[PDB]
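A.B. asks: Requesting a structural model of the entry that follows:
(chains A and B)
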Amino acid sequence: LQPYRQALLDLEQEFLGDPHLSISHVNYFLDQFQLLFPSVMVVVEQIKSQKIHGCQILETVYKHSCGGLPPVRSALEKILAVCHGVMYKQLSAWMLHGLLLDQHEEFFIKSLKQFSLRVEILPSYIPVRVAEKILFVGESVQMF
Amino acid sequence: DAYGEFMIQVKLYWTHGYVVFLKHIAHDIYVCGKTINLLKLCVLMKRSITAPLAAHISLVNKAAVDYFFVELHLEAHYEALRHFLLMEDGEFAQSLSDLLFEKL
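C.D. replies: Numbers count the residues shown, from 1 in each chain, chains lettered A, B, ... in the order given. Shown next is the structure:
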């Protein structure tokens, strides 16, 4: 949301230079947020309303980043990268030792049982095959 | 730190007691201190703070066990009490019991 704040700052600078700017002028400058703001609102609204738990948040934003509007797609894709950061941070633990960091929220992984794979919650851009490989690494490093 | 924020506190000889952060080395230090205080009268995890610490615990315990044997001959005191208290040695049991049972 940083360029919206920046745009409003520049608007005040022009208002100080001359305040006789019409309202449609401001509308003309801010038309590039005029399409971006109503689109992302339903993504965030569905996240609140459905009380989403676990890895499904990643899938929900990844599905709306398949569109054909470049501002909306790039904006949601950056949020998904930020949310990838946390998953990679817990993955740095479970594959390397087996320890978890995220409690009570799913990160698509829990030697044998009490360290098994949770297959269902897994994101939609990730195949099952690589989840099997991750599960091997964690179980084995826990074993020895 | 006997102020009450530290988990450890201040014959049998020691009344030092002990009764989230890795307690796996914390509880080890509590016993590793009883050993040294006796020798004076004789991901998130720690992976660079535990490294000069667990390297010291094992050295302390093994050197303390070594001192007893190679300086005070603790391994000889066992095979000393075995001669009498288990009555292993001959010329002692055959002389003690034979004299004692004549009375009763």
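
A.B. asks: Close to chain A: what parts of chain B are there?
C.D. replies: B:43-45 (CB under 8 Å from any CB of the partner chain). Bear in mind the C-beta positions are built from the backbone N, C-alpha and C, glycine included.

A.B. asks: and the residues you listed as a markdown table, adding distance to residue A:140, neighbour count and secondary structure?
C.D. replies: Shown next, in a markdown table, are these (distance: CB to CB, whole Å; neighbours: other CB atoms under 10 Å in any protein chain shown; DSSP: H, G, I helix; E, B strand; the rest coil):
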| residue | distance to residue A:140 | neighbour count | secondary structure |
| --- | --- | --- | --- |
| B:43 | 17 | 16 | coil |
| B:44 | 22 | 10 | coil |
| B:45 | 19 | 12 | coil |
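
A.B. asks: Remind me which helix or strand residue A:48 belongs to.
C.D. replies: Assigned by DSSP states H and E, residue A:48 belongs to helix A:36-49.

A.B. asks: again with residue A:139
C.D. replies: Residue A:139 is located in helix A:128-143, with elements delineated by DSSP H and E.

A.B. asks: if we can go back for a sec, in PDB, list the C-alpha atoms belonging to the helix holding residue A:48.
C.D. replies: In PDB, the C-alpha atoms belonging to helix A:36-49 read as follows (Å, rounded to 0.1, in the frame of the first residue of the first chain):
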ATOM      1  CA  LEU A  36      -6.700  -2.200  -7.900                       C
ATOM      2  CA  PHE A  37      -8.600  -1.500  -4.600                       C
ATOM      3  CA  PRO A  38     -12.000  -3.200  -5.400                       C
ATOM      4  CA  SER A  39     -10.400  -6.300  -6.800                       C
ATOM      5  CA  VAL A  40      -8.200  -7.400  -3.800                       C
ATOM      6  CA  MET A  41     -11.100  -6.600  -1.300                       C
ATOM      7  CA  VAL A  42     -12.900  -9.900  -2.100                       C
ATOM      8  CA  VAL A  43      -9.700 -11.900  -1.500                       C
ATOM      9  CA  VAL A  44      -9.200 -10.400   2.000                       C
ATOM     10  CA  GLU A  45     -12.900 -10.500   2.700                       C
ATOM     11  CA  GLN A  46     -13.100 -14.300   2.000                       C
ATOM     12  CA  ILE A  47     -10.000 -14.800   4.300                       C
ATOM     13  CA  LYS A  48     -11.900 -13.100   7.200                       C
ATOM     14  CA  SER A  49     -15.300 -14.600   6.500                       C
END
